[PDB]
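Let us start with two forms of the same protein chain, each given on its own as structure tokens and named structure 1 and structure 2.
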Structure 1
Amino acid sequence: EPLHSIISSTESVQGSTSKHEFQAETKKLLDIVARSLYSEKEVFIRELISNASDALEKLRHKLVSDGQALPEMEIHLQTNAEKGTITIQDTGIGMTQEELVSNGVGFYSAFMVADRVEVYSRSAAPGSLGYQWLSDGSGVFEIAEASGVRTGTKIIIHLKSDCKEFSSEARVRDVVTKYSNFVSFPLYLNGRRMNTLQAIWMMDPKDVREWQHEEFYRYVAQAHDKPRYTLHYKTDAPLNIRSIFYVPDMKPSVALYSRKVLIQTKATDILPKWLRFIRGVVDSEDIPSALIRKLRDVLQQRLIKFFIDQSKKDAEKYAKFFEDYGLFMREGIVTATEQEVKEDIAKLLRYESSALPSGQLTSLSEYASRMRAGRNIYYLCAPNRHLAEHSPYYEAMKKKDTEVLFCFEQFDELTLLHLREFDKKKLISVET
């Protein structure tokens, strides 16, 4: 068995610790984080991992920048049921003495579950001394020079009396696989490797290719088919977004990460209700019921444009897509309030036309681009094609030289009825 242990008692303090009042901001902040900020107390494990990752990254960066060799870059967790402790060490960039004295606020979440926190840290900088940092989370911490400290940071948590659960390996394992499956550096628990998954949404879209997208699709959608559609969307311009969206090839939710770190597996609010058929992940740093709105919209127009290009890249596959998911588009159109929201989604609708061969579809805008200036969009629900063609109501439009849209289902017609008007033109039935 591949048992990797890097965690042991090498640290010793020769002198005495100097005592140290928190600054008036930090006392209140610590209590806010430890007693209010988070709703689930397990997330401390999450936060401490995040920090660890960060440390490691800038270490890595730094070294690769200076152009020197890379050491072991790992994150280790150790549980101890009888000392009743949980420990997290990283071999990343450490903390200088000033960095410890002065100030990664997620760290303080540790005091949500601990009644004493014990830290050993040593900067990666050349000729850096190790230091010990101690605190009961009141208003007093202690600082002392320590020896036998490895480069990086070791955080030892002495759990509260009824928080002993986080000294159990099974519990901690569950928490880890829950929030930290996609950690960017190798993570071990009690000697055993945990994370195997690659946060492929952080990648460059050009560097990810099919088998990866399939693996991840099956992961987040918990499915066995393949995605029929794939949109890898990165942006920094409006807000920060690293997202992947899949449309299942089976005919009939998105996870919210930030930090390559899970926040909610069921982010139903991140996409509009009519795009609930979409699978995948949204990763955004601008995420602490308002900005989620901002993001939800941003994703909505992004996805709409996506499906439009999909139409104009492969109209037959998109035709099938409209047959399998048009339900959601009609629902979303009727559901919308502001008009051109309705029209935006309406750009995804595909219907048969009198000026098109029976079987072929077009959109409203396509229709309009052949609509001779002069003002109205004509449609008609018949049971089938040839019945619409032989409707007197249409045969009044045949030699009147006008194109007419053909619906074959009541929900389509109700949709166009609700829509009322689309871009500088109203939708009228030829039975009016």
Structure 2
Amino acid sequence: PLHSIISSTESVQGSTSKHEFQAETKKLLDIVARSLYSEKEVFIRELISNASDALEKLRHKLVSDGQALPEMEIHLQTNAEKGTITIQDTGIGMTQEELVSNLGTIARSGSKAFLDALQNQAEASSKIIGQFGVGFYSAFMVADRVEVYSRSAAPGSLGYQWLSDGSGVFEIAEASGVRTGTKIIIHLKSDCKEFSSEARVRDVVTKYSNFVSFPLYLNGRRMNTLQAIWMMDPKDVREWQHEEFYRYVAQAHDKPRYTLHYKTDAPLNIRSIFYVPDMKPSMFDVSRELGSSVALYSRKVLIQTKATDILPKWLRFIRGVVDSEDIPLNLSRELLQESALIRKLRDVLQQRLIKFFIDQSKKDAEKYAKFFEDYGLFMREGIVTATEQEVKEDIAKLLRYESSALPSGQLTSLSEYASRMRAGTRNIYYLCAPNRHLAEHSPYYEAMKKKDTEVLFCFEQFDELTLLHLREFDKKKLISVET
């Protein structure tokens, strides 16, 4: 019994009137403090990003004008006694009009406006982090009061103080002496006093801002120490560098047995590094039912420490970093947005890694065999779980087997088997047994021996199950010899 009330009754009768959308500013601020970020700590990531942007703008001006660069630095000070955290930078600072407009207008982004004015023809075009114009207001998560001192690098500019508790009102007054650049003093809330602890702030800086491009000093001590090697030309990164960075991003004590440094500007911008550990995972690690973990960055800022969306699940044995400007960030900057173009990135990363391994098998075959023994279970899992047959056959190119036509211990591919089939032979034949002795004593294989047919010999755990799910390769049916 279909029931509907919807029909076109409505006839606009009258004169119209036009209005502008308004906003409730005090509430928008509270949305930022309460309902936006998953963690209170990211206010440090937001303020450091602003400090980086302010220095990047100053560097752009001075290099364009032929002036010498001064100290370009970001400083953090925790005072536990006073219950404060303080960030100060030596960048462009702000005039009084800039404090009013850029701090006082929600979603107003001076750095986005700077970007648009370049025609993105300069070097800072890809180094500038801010877009949304809300990031500063993250401080009202942890702050009772926020106290800003700023002095613009422009001629004749004095210092100003900017003061707000987040009420929808701020105060501005002239101030001295203020160093060129910006100093933000955060008076922490009752439950937020942990951000006046040096140890705590240190961890927050290291987690989010570790790769920032200007020297960062916490309570007098330099920090970064870590170059973002995914941004560099691959030919410029030593093995020592890849080893130390792998130990960092993977929290591991071993070495990478494989390193793929993948940079592409099309279709998407990708700065990525992927590592395969030396150590072989245990069956417990494998069955622990995890997803992919790869740290995700944009413009050197951490997005997520382990992003599960960027690599397929069968490639969770891989450790590394992926950086992109292209893919747009969620307003909270803790995740990505458009799901189809994420999946475009994942398909590209999947194809690029399968090509990497196919190439490692041709480059060094005995090394690849050891990698297949240690990681081949993941490829078997990936073939079993995949849905599109094209994925199954791509992953299946990595598999290796013995052969009745090769000596004991010699590994072959499905491709190499296909190359060796006779003129009209339509099928890839296989036998799954614990070892080559038991395979060759199979009564079902002895029948094959009367003919000229090659038989694949599969000794690995879940080989047969994998071949039943893969079911064909290169349009040739995979047929157990035991049927």
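Here, rigid core means the biggest group of C-alpha atoms that superpose within 1.5 Å across both forms. Along the sequence of structure 1, residues get numbers from 1 upward.
Quiz item: Would the C-alpha of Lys19 be classed as shifted by 2 Å or more between structures 1 and 2 after rigid-core alignment?
Solution: Result for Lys19: yes, a 2 Å-plus shift.
Exercise. Once the core is aligned, please say if the CA of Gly148 is shifted by at least 2 angstroms between structures 1 and 2.
Key: Yes; that C-alpha moves by at least 2 Å between structures 1 and 2.
Quiz item: Treating the chain as two rigid parts, what rotation angle in degrees relates the smaller part to the larger between structures 1 and 2?
Solution: 20 degrees, smaller rigid part against the larger.
Self-check item: Rigid core superposed, the C-alpha shift at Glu74 between structures 1 and 2 in Å
Solution: After core superposition, the C-alpha of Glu74 moves 3.0 Å between structures 1 and 2.
Exercise. Using the rigid core as the frame, report the C-alpha movement of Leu63 between structures 1 and 2, one decimal, in Å.
Key: Displacement of the C-alpha, rigid core superposed: 6.8 Å.
Practice problem: Superpose the two forms on the rigid core, then give the C-alpha shift of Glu118 between structures 1 and 2 in Å. | Solution: Displacement of the alpha carbon, after core fit: 8.6 Å.
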